[PDB]
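*Asks:* My questions will all concern the structure given below.
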Amino acid sequence: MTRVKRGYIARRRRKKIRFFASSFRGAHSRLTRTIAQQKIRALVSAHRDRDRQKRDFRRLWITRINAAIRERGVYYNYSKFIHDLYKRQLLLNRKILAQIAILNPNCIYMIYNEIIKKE
Amino acid sequence: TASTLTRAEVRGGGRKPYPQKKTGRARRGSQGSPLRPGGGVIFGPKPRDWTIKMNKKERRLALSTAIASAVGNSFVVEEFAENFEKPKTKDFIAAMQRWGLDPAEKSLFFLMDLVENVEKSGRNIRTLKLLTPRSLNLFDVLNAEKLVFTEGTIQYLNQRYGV
RNA sequence: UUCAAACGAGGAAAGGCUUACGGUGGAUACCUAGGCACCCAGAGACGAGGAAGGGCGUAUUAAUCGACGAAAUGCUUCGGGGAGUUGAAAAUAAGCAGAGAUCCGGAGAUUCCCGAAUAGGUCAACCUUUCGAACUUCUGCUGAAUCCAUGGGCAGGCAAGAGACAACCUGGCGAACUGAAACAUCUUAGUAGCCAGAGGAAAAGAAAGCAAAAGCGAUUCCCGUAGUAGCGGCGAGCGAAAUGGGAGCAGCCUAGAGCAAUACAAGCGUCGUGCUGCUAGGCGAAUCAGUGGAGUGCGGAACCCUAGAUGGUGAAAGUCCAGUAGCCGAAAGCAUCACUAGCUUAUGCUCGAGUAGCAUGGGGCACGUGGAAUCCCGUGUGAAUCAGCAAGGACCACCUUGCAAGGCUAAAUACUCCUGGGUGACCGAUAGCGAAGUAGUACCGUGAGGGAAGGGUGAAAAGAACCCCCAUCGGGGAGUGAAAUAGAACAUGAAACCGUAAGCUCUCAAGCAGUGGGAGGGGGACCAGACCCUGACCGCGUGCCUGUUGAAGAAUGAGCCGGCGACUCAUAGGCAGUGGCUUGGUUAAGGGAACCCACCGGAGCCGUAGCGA
RNA sequence: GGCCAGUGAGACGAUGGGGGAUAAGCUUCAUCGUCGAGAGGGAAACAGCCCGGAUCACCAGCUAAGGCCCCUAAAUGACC
RNA sequence: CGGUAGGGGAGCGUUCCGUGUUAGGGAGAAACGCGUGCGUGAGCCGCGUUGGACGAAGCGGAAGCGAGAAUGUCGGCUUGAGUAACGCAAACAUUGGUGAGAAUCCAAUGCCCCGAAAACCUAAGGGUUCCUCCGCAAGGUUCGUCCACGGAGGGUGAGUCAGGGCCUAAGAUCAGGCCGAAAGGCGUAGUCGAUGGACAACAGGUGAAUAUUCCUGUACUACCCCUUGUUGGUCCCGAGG
RNA sequence: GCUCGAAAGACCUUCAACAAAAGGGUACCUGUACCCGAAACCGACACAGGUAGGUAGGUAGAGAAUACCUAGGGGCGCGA
RNA sequence: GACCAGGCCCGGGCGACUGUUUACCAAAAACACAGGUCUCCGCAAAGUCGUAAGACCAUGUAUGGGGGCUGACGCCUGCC
RNA sequence: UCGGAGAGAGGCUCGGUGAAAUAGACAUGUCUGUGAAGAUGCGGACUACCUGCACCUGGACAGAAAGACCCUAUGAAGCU
RNA sequence: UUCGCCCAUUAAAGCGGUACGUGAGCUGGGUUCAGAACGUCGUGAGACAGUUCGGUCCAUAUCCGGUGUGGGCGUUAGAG
């Protein structure tokens, strides 16, 4: 059955898959199949890294402080630290706000003396 | 009339496969594959004649709105029976010069002045259809917003579309 | 400035990524005097007075084709018509021509060899006598075996025997695969296929029919009646008829004398006349100036038009050209209708005549014998014969109807090689017929037979003098053109693939390697405001699809790319959505002054009352 | 009740019983759940075991199972 | 609001057509990039470059409606690759000529192989591949001024050779006729078909290519006609051979 | 083909037959180039495969064996 | 003395032998062969080819021919 | 049995011409364990500069072959 | 035939895994390819984990993994 002639139609269905493939190391950007198995990866992993992006930092923040705990005095855990604020009443200074360690370590030094007084 | 290849494998030749066993090539023959060129065709349009059977009372009342929605607006009106006399066309260009729309706004010129015969002078013009005052379908009538009639044609439209 | 320790960019044979510039190659978009279908109107035939199909030749050199044929791409005659003529792929050379030099059409002459061919033979287009095939019908002349008579033979006048025939049609003979979810019944096909004959229509056809005691009443074709009834391992499956509505629609011959073949009609011809068609042909309207390489484009204005169908001309006009509406023409040669004529048959009225079954074994009717006939037969026999016989799906009686044993018969109905016009929401050279450019060729096989690839530079080619390098292959310039970043691989020319240049990453780092976080570097930013492109390193992390309870794999399919490639169509039935009408609704065939498939047609089907064998 | 389906060789774990030596992710039944037609977190890596069963974004918190020396976030925390 | 097979509910795009010689286009489709804005998505819109012609907005209608796999089909293009191979082991080289270049061309001096053979002649087949003058991209699995490559000319002249022509075997066909559903088979007179049989010369020379055919010297057979002598001849034959 | 005989049927001073000049005329039509156990044949190619007949020398030897030499034909077409 | 130019003997299974054959892996104690025997036909044969005709078989003819098994020869070939 | 040496045709290098089976994609190390349970690409760990040539040649259930073995499908083709 | 038995030694003259190591190495002798024959089974075609004779199993390999040998670069001022 003489189709309606794919012509340019089936031409756009492949090049569009190539435009997306313009930053890959391997030859997964110069073939519909090599990219077919490539896009799916960036089609599944993408659906993951999007939710993993939050977890990826969940360990970071804790690690950021962890490296800052092995110097002060509370060699115990940063948990007791969080416990102090919890039992206290500070809904601030979150895992993200833990950036006070690196820059201006003078502010993060105050809470260090406020956690001991509470507990 | 999109006649295609009905009996695919049944073309100018026939199916004559090769020794299909321990070779490597696809297990199949040549010609009329039809996947392979120079062969027949599996599916394809056949001599069709799509002609739905319509009733009668469903058409009469379906063509009444045609002239109804026309006379409602400000389109061309009727004329007279003396329009069948004029055997020439120039007498028409001068006539349509009075009613208006000379450069022909578009294909809006559904003419239906005559009754017995056709206006061989009104068919020459680019945009204009000479339909006989009898089976005025919804197609042509709305095909051209502008439509002109007469004192006679309007009568015949009362015989069918009416009692 | 000297010794050690802790670190360290810079460096690449090559490579990866992004980007720029090309090659290979080829698709797509676009356009095609050609195919694929169909409608209307014609043509359905040629041919031993020698064909289809070919070989060998022919023009001024001239291989291949289109014709023709050694009066060989030309001749004779008439006509139309109008000028150029020597066909085409390539000019040129040498000319014929301005009231018959070509071309177009009809009527004739010519038409080697081979092929029915018909001289014999034959690896066809060759050979050898020679003007001769062999048969059917008729006539004459001869004439065996035994007196006649024949047989046989000879001669002459016709026809027949050929197309190795495209479909339709009649007749003879005659499967399987497959269906019956197994398969020998059955069905599937009495199709395909083989063979014979004729017409262009054939076949069939005015009825010992059907129905029925109402009446119709030739055959064939179409739509219904029922795809019911019936038939069948009543399984598969196949499939009536009566009747009704339409297209079409006329009925006649053969089957002892006298006066006697005059009248009335039907079927034809040697030829010719007329109407209407076919094969050449003629008449056939209308504007400019401005932008652009060019305009038939746009803007202003005007004109023709029963002809703005269409196409072409260097890009969309109806007004440039060829045509188109309409109006005319054809010394002749012909088809189909009428009117008149050689010859044979055929013809009126009256009074008659009027052509013999079944049992068994088969086929065909929807019917595979079953209660189930009838029709056509192989074989053995074989009555009556119109105050007689047959048919009414066993038979019988009654009644009714019809009476064949010999034949002919237009139209409605079928199909198509081919012809002319036109149409088609058919395709467009990996499409469509295998063939839209000298392919069913070139090639493969002994052969039957099988069976491609390959499209367009531009409007006109002005398709590239000369100059420079080389072996006087090839290229670059100079020029032509609006373009050759169009030039003979040439249009628009992507992808797979193959390279150069530039930025970044890249030797102590490994696992379908991307992704998230993410430094540095080469650039681009904003009169900071921390962003847009590459990416060290880091956390995770075993293609897709198919088939499976279950795989990433040692489960399988796939080298890449372009194109191409798999539930469409017809009829019918049952539902859902929706629409018109409504216990009513709705047609099929056909007719049709049909811009139009309306109107008419309601023959027929479905539903509201059912149930029961 | 009506229209269109799909699928009839499933596997595994816990539990209650036939087969085998109560040997097998073996085979044959019943029941529940999972896989099979739902990831992910955890058992190093193991679909069928456990938790929980994914409309989506988010450098947002708190939890389940499983854990908290380092390697991948988290107690070499206290008492016996 | 995970989702296979499946069921149900909504849309985009492609070719064409109706609504369209309305409108957009040579101040210009198609092919590629970009704006990475927009929609749930397949995509759409605008635009630069290149390029050369038309294409087509909206709704609906009719579709041969978009595949990276069916050991698919057609064509082109990678990789193993530039690894193997360059095809009996009868080695080769040199001095010169010509040419842009030649170990393999030509010419000369030799080596080496074969020697009933990789000599010549002839039949079948092939069929112009023979000769000469030039050219070479392609064909010669190296080049090539070489070639049985390509493009132009030239060349096969016998009554005695051979094939036709007489005759004939296996065998084929085959008037009339005998048979067979049609077709056709078989088969005789007769008529075809061979590797069979039947009349007739060679030796030299000549040409770039032919020669028992051209030329020279020397001969032969058969038929018809004519002259002379003698004698009786005579069919699809009998007999001998 | 040739020779001879043919109820001497037909012919019958004829036409013919044999021979002689081994006179004269005539003897029409085709192929015949090249190769041919060869690379132009048959096998897809210039694949050492296969393929009838004829002529066929010197020396050693029984021998168209074999080896070495004639005439003649080649070194087989990628090299170092 | 080069080229050229049988390896020999002994015992044993089977087939007498020569020959033929699975043309492109088996050629063998396979097959074939003569010998012997059984059986059918006096015939236009049986029988084979063919729907037929016709024809092969034999223009011979039962010391013929056709079909089957066996199958050189030597000793033999039982019972049912 | 322990084979060695030498002479030729290839192999190796260079110059000219110039293939293939096959292949989803590559930055295709080993080992233990695990895994529809004998994978380099999973997990842990060890080892390891990047890139050729020649050669030996186990892995990639390598390549060619939808196997001629078995079974299945009320398949087919012959034979008795 | 692995094995085993036998003759003759050694200090002793081991077992087992490695898809019963090893055919992308040879051998392929045995054994489910086609031939043939004996015995047996069936009327027969054939059949039988009985025996006997004969009976073509390829490949210049990229990578992984090895036997060896190089081309660059990095150890940093450049080299021996």
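The way I read the labels, and the way they are meant: chains A, B, ... in the order of the structure tokens, residue 1 as the first residue of every chain, and ligand 1 as the first ligand shown, with later ones counted on from there.
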For chain B, which residues have at least one atom within 9 Å of chain A, if we go by only C-alpha atoms? Write them as a list in words, please.

*Replies:*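 Applying the cut-off to the listed atoms yields residues 4, 5, 41, 42, 43, 44 and 45 of chain B.
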
*Asks:* Store the residues picked out above, limited to N, CA and C atoms, as a PDB file, in the first residue's frame.

*Replies:*
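The resulting part.pdb:
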```
ATOM      1  N   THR B   4      -5.616  -0.403  -7.145  1.00  0.00           N
ATOM      2  CA  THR B   4      -4.299  -0.877  -6.737  1.00  0.00           C
ATOM      3  C   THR B   4      -4.102  -2.328  -7.172  1.00  0.00           C
ATOM      4  N   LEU B   5      -3.249  -3.051  -6.455  1.00  0.00           N
ATOM      5  CA  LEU B   5      -2.974  -4.447  -6.770  1.00  0.00           C
ATOM      6  C   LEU B   5      -3.769  -5.377  -5.860  1.00  0.00           C
ATOM      7  N   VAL B  41       0.790  -5.893  -4.270  1.00  0.00           N
ATOM      8  CA  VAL B  41       0.528  -5.086  -3.084  1.00  0.00           C
ATOM      9  C   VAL B  41      -0.488  -5.772  -2.174  1.00  0.00           C
ATOM     10  N   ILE B  42      -0.225  -5.742  -0.871  1.00  0.00           N
ATOM     11  CA  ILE B  42      -1.116  -6.358   0.105  1.00  0.00           C
ATOM     12  C   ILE B  42      -2.445  -5.611   0.153  1.00  0.00           C
ATOM     13  N   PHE B  43      -2.489  -4.541   0.940  1.00  0.00           N
ATOM     14  CA  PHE B  43      -3.696  -3.736   1.074  1.00  0.00           C
ATOM     15  C   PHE B  43      -3.628  -2.534   0.138  1.00  0.00           C
ATOM     16  N   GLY B  44      -4.792  -2.009  -0.232  1.00  0.00           N
ATOM     17  CA  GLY B  44      -4.830  -0.863  -1.121  1.00  0.00           C
ATOM     18  C   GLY B  44      -6.234  -0.519  -1.579  1.00  0.00           C
ATOM     19  N   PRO B  45      -6.511   0.766  -1.850  1.00  0.00           N
ATOM     20  CA  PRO B  45      -7.828   1.222  -2.299  1.00  0.00           C
ATOM     21  C   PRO B  45      -8.346   0.453  -3.511  1.00  0.00           C
TER      22      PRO B  45
END
```

*Asks:* Among segment 22-108 of chain B, which residues does DSSP mark as alpha helix (DSSP H) when it is run on the backbone? Keep the chain and numbering as in the structure and answer as a ChimeraX atom specification.

*Replies:* /B:57-72,90-93,96-99

*Asks:* Residues within 12 Å of residue 25 of chain F, please, as JSON, numbers by chain. Count only C-alpha atoms (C1' of nucleotides); anything in the same chain fewer than 3 positions from it doesn't count.

*Replies:* {"E": [223, 224, 225, 226]}

*Asks:* Using only C-alpha atoms (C1' of nucleotides), which residues sit within 8 Å of segment 61-69 of chain D once same-chain residues fewer than 5 positions away are excluded, as a ChimeraX atom specification?

*Replies:* /D:41-42,50-52,74-76

*Asks:* Let me see the file: selected residues, C-alpha atoms (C1' of nucleotides), as a PDB file, in the first residue's frame.

*Replies:*
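This went into result.pdb:
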```pdb
ATOM      1  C1'   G D  41      14.827   1.828  51.343  1.00  0.00           C
ATOM      2  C1'   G D  42      17.277  -2.885  53.747  1.00  0.00           C
ATOM      3  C1'   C D  50      11.267  -7.486  55.201  1.00  0.00           C
ATOM      4  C1'   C D  51       9.470  -1.988  55.391  1.00  0.00           C
ATOM      5  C1'   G D  52       6.729   0.861  52.290  1.00  0.00           C
ATOM      6  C1'   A D  74      24.335   7.898  61.719  1.00  0.00           C
ATOM      7  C1'   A D  75      25.797   6.392  69.118  1.00  0.00           C
ATOM      8  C1'   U D  76      34.478   3.598  69.946  1.00  0.00           C
TER       9        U D  76
END
```

*Asks:* Between atom CA of residue 4 of chain A and atom CA of residue 35 of chain B, what is the distance, to one decimal in Å?

*Replies:* 16.5 Å

*Asks:* Which value, in Å to one decimal, gives the distance between atom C1' of residue 93 of chain C and atom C1' of residue 61 of chain C?

*Replies:*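 About the pair atom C1' of residue 93 of chain C and atom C1' of residue 61 of chain C: they are 10.0 Å apart.
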
*Asks:* If we count only C-alpha atoms (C1' of nucleotides) and set the cut-off at 10 Å, which residues sit around segment 32-34 of chain D, ignoring sequence neighbours fewer than 3 positions away in its own chain? Please answer as a list in words.

*Replies:*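 Listing them by chain and then by number gives residues 12, 13, 14, 15, 48 and 49 of chain D.
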
*Asks:* Can I get the selected residues back with N, CA, C and O atoms (P, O5', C5', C4', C3', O3' and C1' of nucleotides), as a PDB file, in the first residue's frame?

*Replies:*
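Contents of the output file selection_31.pdb:
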```pdb
ATOM      1  P     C D  12       8.356 -22.578  42.787  1.00  0.00           P
ATOM      2  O5'   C D  12       8.605 -21.358  43.780  1.00  0.00           O
ATOM      3  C5'   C D  12       9.839 -20.646  43.766  1.00  0.00           C
ATOM      4  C4'   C D  12       9.773 -19.464  44.704  1.00  0.00           C
ATOM      5  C3'   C D  12       9.368 -19.782  46.134  1.00  0.00           C
ATOM      6  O3'   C D  12      10.490 -20.195  46.903  1.00  0.00           O
ATOM      7  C1'   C D  12       8.107 -17.944  45.352  1.00  0.00           C
ATOM      8  P     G D  13      10.268 -21.095  48.216  1.00  0.00           P
ATOM      9  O5'   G D  13       9.741 -20.061  49.307  1.00  0.00           O
ATOM     10  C5'   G D  13      10.622 -19.106  49.892  1.00  0.00           C
ATOM     11  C4'   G D  13       9.866 -18.213  50.847  1.00  0.00           C
ATOM     12  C3'   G D  13       9.045 -18.930  51.906  1.00  0.00           C
ATOM     13  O3'   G D  13       9.847 -19.282  53.027  1.00  0.00           O
ATOM     14  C1'   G D  13       7.728 -17.248  50.900  1.00  0.00           C
ATOM     15  P     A D  14       9.401 -20.503  53.971  1.00  0.00           P
ATOM     16  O5'   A D  14       8.137 -19.938  54.759  1.00  0.00           O
ATOM     17  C5'   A D  14       8.296 -18.983  55.805  1.00  0.00           C
ATOM     18  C4'   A D  14       6.956 -18.638  56.409  1.00  0.00           C
ATOM     19  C3'   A D  14       6.108 -19.822  56.846  1.00  0.00           C
ATOM     20  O3'   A D  14       6.477 -20.263  58.148  1.00  0.00           O
ATOM     21  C1'   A D  14       4.776 -18.311  55.609  1.00  0.00           C
ATOM     22  P     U D  15       6.279 -21.807  58.550  1.00  0.00           P
ATOM     23  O5'   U D  15       4.698 -22.004  58.550  1.00  0.00           O
ATOM     24  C5'   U D  15       3.883 -21.367  59.530  1.00  0.00           C
ATOM     25  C4'   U D  15       2.422 -21.618  59.239  1.00  0.00           C
ATOM     26  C3'   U D  15       2.028 -23.076  59.070  1.00  0.00           C
ATOM     27  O3'   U D  15       1.781 -23.690  60.330  1.00  0.00           O
ATOM     28  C1'   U D  15       1.112 -21.807  57.302  1.00  0.00           C
ATOM     29  P     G D  48      11.399  -8.969  45.549  1.00  0.00           P
ATOM     30  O5'   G D  48      10.630 -10.346  45.329  1.00  0.00           O
ATOM     31  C5'   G D  48       9.282 -10.366  44.868  1.00  0.00           C
ATOM     32  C4'   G D  48       8.745 -11.778  44.895  1.00  0.00           C
ATOM     33  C3'   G D  48       8.901 -12.499  46.224  1.00  0.00           C
ATOM     34  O3'   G D  48       7.814 -12.194  47.090  1.00  0.00           O
ATOM     35  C1'   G D  48       9.631 -13.905  44.464  1.00  0.00           C
ATOM     36  P     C D  49       8.064 -11.293  48.397  1.00  0.00           P
ATOM     37  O5'   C D  49       9.186 -12.081  49.209  1.00  0.00           O
ATOM     38  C5'   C D  49       8.863 -13.247  49.960  1.00  0.00           C
ATOM     39  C4'   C D  49       9.667 -13.280  51.239  1.00  0.00           C
ATOM     40  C3'   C D  49       9.556 -12.034  52.104  1.00  0.00           C
ATOM     41  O3'   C D  49       8.417 -12.104  52.954  1.00  0.00           O
ATOM     42  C1'   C D  49      11.833 -12.606  51.844  1.00  0.00           C
TER      43        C D  49
END
```

*Asks:* Restricting the calculation to only C-alpha atoms (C1' of nucleotides), which member of F:46, F:64, F:10, F:55 is positioned closest to residue 76 of chain F?

*Replies:* F:46

*Asks:* Calculated over only C-alpha atoms (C1' of nucleotides), which of the candidates H:2, H:64, H:26, H:58 has the smallest distance to residue 58 of chain I?

*Replies:*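 Answer, going by the shortest atom-to-atom distance: H:64.
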
*Asks:* Would you give me, as a PDB file with C-alpha atoms, in the first residue's frame, the residues of chain A that come within 9 Å of chain H, using only C-alpha atoms (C1' of nucleotides)?

*Replies:*
```pdb
ATOM      1  CA  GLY A  26      30.572   8.068  23.355  1.00  0.00           C
ATOM      2  CA  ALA A  27      29.065   7.788  19.880  1.00  0.00           C
ATOM      3  CA  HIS A  28      25.655   7.793  21.566  1.00  0.00           C
ATOM      4  CA  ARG A  33      19.995   3.454  18.401  1.00  0.00           C
ATOM      5  CA  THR A  34      23.190   4.456  20.205  1.00  0.00           C
ATOM      6  CA  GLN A  37      19.714   3.388  24.658  1.00  0.00           C
TER       7      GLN A  37
END
```

*Asks:* May I have the residues within 10 Å of residue 65 of chain E as a list in words, using only C-alpha atoms (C1' of nucleotides) and disregarding those fewer than 5 positions away in the same chain?

*Replies:*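 The neighbour list is residues 3, 4, 5 and 6 of chain A; 13, 14 and 15 of chain E.
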
*Asks:* Show which residues sit within 8 Å of residue 124 of chain B, as a PyMOL selection string. Count only C-alpha atoms (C1' of nucleotides), and ignore same-chain residues fewer than 3 positions away.

*Replies:* (chain B and resi 120-121) or (chain C and resi 305+308)

*Asks:* Find the residues in chain C near chain B: any atom within 6 Å counts, using only C-alpha atoms (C1' of nucleotides). Write them as a PDB file with N, CA and C atoms (P, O5', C5', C4', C3', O3' and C1' of nucleotides), in the first residue's frame.

*Replies:*
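File written: iface-v7.pdb
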```
ATOM      1  P     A C  37      -5.491  -1.324 -13.776  1.00  0.00           P
ATOM      2  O5'   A C  37      -6.667  -0.326 -13.377  1.00  0.00           O
ATOM      3  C5'   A C  37      -7.896  -0.317 -14.098  1.00  0.00           C
ATOM      4  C4'   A C  37      -8.901   0.570 -13.404  1.00  0.00           C
ATOM      5  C3'   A C  37     -10.191   0.819 -14.168  1.00  0.00           C
ATOM      6  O3'   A C  37     -11.126  -0.231 -13.944  1.00  0.00           O
ATOM      7  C1'   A C  37      -9.343   2.874 -13.366  1.00  0.00           C
ATOM      8  P     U C 306     -21.759  35.820 -25.723  1.00  0.00           P
ATOM      9  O5'   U C 306     -22.356  34.352 -25.557  1.00  0.00           O
ATOM     10  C5'   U C 306     -22.758  33.863 -24.278  1.00  0.00           C
ATOM     11  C4'   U C 306     -22.972  32.369 -24.332  1.00  0.00           C
ATOM     12  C3'   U C 306     -21.796  31.572 -24.872  1.00  0.00           C
ATOM     13  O3'   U C 306     -20.867  31.283 -23.834  1.00  0.00           O
ATOM     14  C1'   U C 306     -23.790  30.860 -25.931  1.00  0.00           C
ATOM     15  P     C C 426      -8.749   9.494  -4.432  1.00  0.00           P
ATOM     16  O5'   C C 426      -7.546   8.727  -5.139  1.00  0.00           O
ATOM     17  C5'   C C 426      -7.539   8.523  -6.549  1.00  0.00           C
ATOM     18  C4'   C C 426      -6.314   7.740  -6.956  1.00  0.00           C
ATOM     19  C3'   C C 426      -4.991   8.478  -6.834  1.00  0.00           C
ATOM     20  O3'   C C 426      -4.477   8.401  -5.508  1.00  0.00           O
ATOM     21  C1'   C C 426      -5.116   7.430  -8.948  1.00  0.00           C
ATOM     22  P     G C 565       5.198   1.062   2.096  1.00  0.00           P
ATOM     23  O5'   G C 565       5.457  -0.254   2.956  1.00  0.00           O
ATOM     24  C5'   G C 565       5.025  -1.528   2.486  1.00  0.00           C
ATOM     25  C4'   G C 565       5.270  -2.583   3.538  1.00  0.00           C
ATOM     26  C3'   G C 565       4.729  -2.268   4.924  1.00  0.00           C
ATOM     27  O3'   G C 565       3.352  -2.613   5.035  1.00  0.00           O
ATOM     28  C1'   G C 565       6.952  -3.050   5.105  1.00  0.00           C
ATOM     29  P     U C 568      -8.048  -1.741   9.567  1.00  0.00           P
ATOM     30  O5'   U C 568      -8.659  -1.153   8.218  1.00  0.00           O
ATOM     31  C5'   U C 568      -7.977  -0.135   7.490  1.00  0.00           C
ATOM     32  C4'   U C 568      -8.055  -0.411   6.008  1.00  0.00           C
ATOM     33  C3'   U C 568      -9.448  -0.666   5.458  1.00  0.00           C
ATOM     34  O3'   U C 568     -10.114   0.556   5.160  1.00  0.00           O
ATOM     35  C1'   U C 568      -7.969  -2.323   4.651  1.00  0.00           C
ATOM     36  P     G C 580     -33.298  15.803  14.738  1.00  0.00           P
ATOM     37  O5'   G C 580     -34.052  15.140  13.500  1.00  0.00           O
ATOM     38  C5'   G C 580     -34.126  15.813  12.246  1.00  0.00           C
ATOM     39  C4'   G C 580     -34.912  14.988  11.255  1.00  0.00           C
ATOM     40  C3'   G C 580     -36.279  14.521  11.728  1.00  0.00           C
ATOM     41  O3'   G C 580     -37.261  15.531  11.522  1.00  0.00           O
ATOM     42  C1'   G C 580     -35.119  12.706  10.752  1.00  0.00           C
ATOM     43  P     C C 595     -29.217  19.128 -16.122  1.00  0.00           P
ATOM     44  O5'   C C 595     -28.818  19.192 -14.578  1.00  0.00           O
ATOM     45  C5'   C C 595     -29.276  20.256 -13.746  1.00  0.00           C
ATOM     46  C4'   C C 595     -28.223  20.623 -12.720  1.00  0.00           C
ATOM     47  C3'   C C 595     -28.533  21.876 -11.907  1.00  0.00           C
ATOM     48  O3'   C C 595     -29.224  21.583 -10.690  1.00  0.00           O
ATOM     49  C1'   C C 595     -26.276  21.915 -12.691  1.00  0.00           C
ATOM     50  P     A C 598     -30.910  10.752  -4.847  1.00  0.00           P
ATOM     51  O5'   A C 598     -31.661  12.152  -4.960  1.00  0.00           O
ATOM     52  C5'   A C 598     -33.086  12.222  -4.951  1.00  0.00           C
ATOM     53  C4'   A C 598     -33.541  13.657  -5.082  1.00  0.00           C
ATOM     54  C3'   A C 598     -35.047  13.855  -5.150  1.00  0.00           C
ATOM     55  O3'   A C 598     -35.608  13.918  -3.843  1.00  0.00           O
ATOM     56  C1'   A C 598     -34.006  15.113  -6.863  1.00  0.00           C
TER      57        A C 598
END
```

*Asks:* Write out as JSON lines a residue-level contact list of chain D versus chain A with cut-off 10 Å: for each qualifying residue the closest pair of atoms and the distance in Å to one decimal, counting only C-alpha atoms (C1' of nucleotides), rows sorted by chain and residue number upward.

*Replies:*
```
{"residue": "D:39", "atom": "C1'", "partner": "A:48", "partner_atom": "CA", "distance": 9.9}
{"residue": "D:40", "atom": "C1'", "partner": "A:48", "partner_atom": "CA", "distance": 9.7}
{"residue": "D:57", "atom": "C1'", "partner": "A:50", "partner_atom": "CA", "distance": 8.5}
{"residue": "D:58", "atom": "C1'", "partner": "A:54", "partner_atom": "CA", "distance": 8.1}
{"residue": "D:59", "atom": "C1'", "partner": "A:57", "partner_atom": "CA", "distance": 6.6}
{"residue": "D:60", "atom": "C1'", "partner": "A:96", "partner_atom": "CA", "distance": 9.0}
{"residue": "D:61", "atom": "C1'", "partner": "A:94", "partner_atom": "CA", "distance": 8.9}
{"residue": "D:72", "atom": "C1'", "partner": "A:59", "partner_atom": "CA", "distance": 9.1}
{"residue": "D:73", "atom": "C1'", "partner": "A:59", "partner_atom": "CA", "distance": 4.6}
{"residue": "D:74", "atom": "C1'", "partner": "A:77", "partner_atom": "CA", "distance": 8.8}
{"residue": "D:75", "atom": "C1'", "partner": "A:77", "partner_atom": "CA", "distance": 7.3}
{"residue": "D:77", "atom": "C1'", "partner": "A:76", "partner_atom": "CA", "distance": 7.4}
```

*Asks:* Write a file of the just-selected residues containing C-alpha atoms (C1' of nucleotides), as a PDB file, in the first residue's frame.

*Replies:*
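Saved result, result_24.pdb, follows:
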```pdb
ATOM      1  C1'   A D  39      10.034   1.588  41.740  1.00  0.00           C
ATOM      2  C1'   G D  40      12.495   2.743  45.854  1.00  0.00           C
ATOM      3  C1'   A D  57       8.637  19.897  40.854  1.00  0.00           C
ATOM      4  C1'   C D  58      11.551  21.451  45.711  1.00  0.00           C
ATOM      5  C1'   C D  59      20.392  22.748  48.052  1.00  0.00           C
ATOM      6  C1'   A D  60      12.116  21.381  53.303  1.00  0.00           C
ATOM      7  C1'   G D  61      11.342  18.495  58.019  1.00  0.00           C
ATOM      8  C1'   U D  72      28.301   5.377  51.810  1.00  0.00           C
ATOM      9  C1'   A D  73      24.949   9.521  55.899  1.00  0.00           C
ATOM     10  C1'   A D  74      24.335   7.898  61.719  1.00  0.00           C
ATOM     11  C1'   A D  75      25.797   6.392  69.118  1.00  0.00           C
ATOM     12  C1'   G D  77      26.375   7.147  74.181  1.00  0.00           C
TER      13        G D  77
END
```

*Asks:* Mind listing as a list in words which residues of chain A are within 7 Å of chain C, counting only C-alpha atoms (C1' of nucleotides)?

*Replies:*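 Therefore, the residues near the partner are residues 2, 7, 8, 23, 25, 37, 38, 41, 42, 45, 46, 49 and 53 of chain A.
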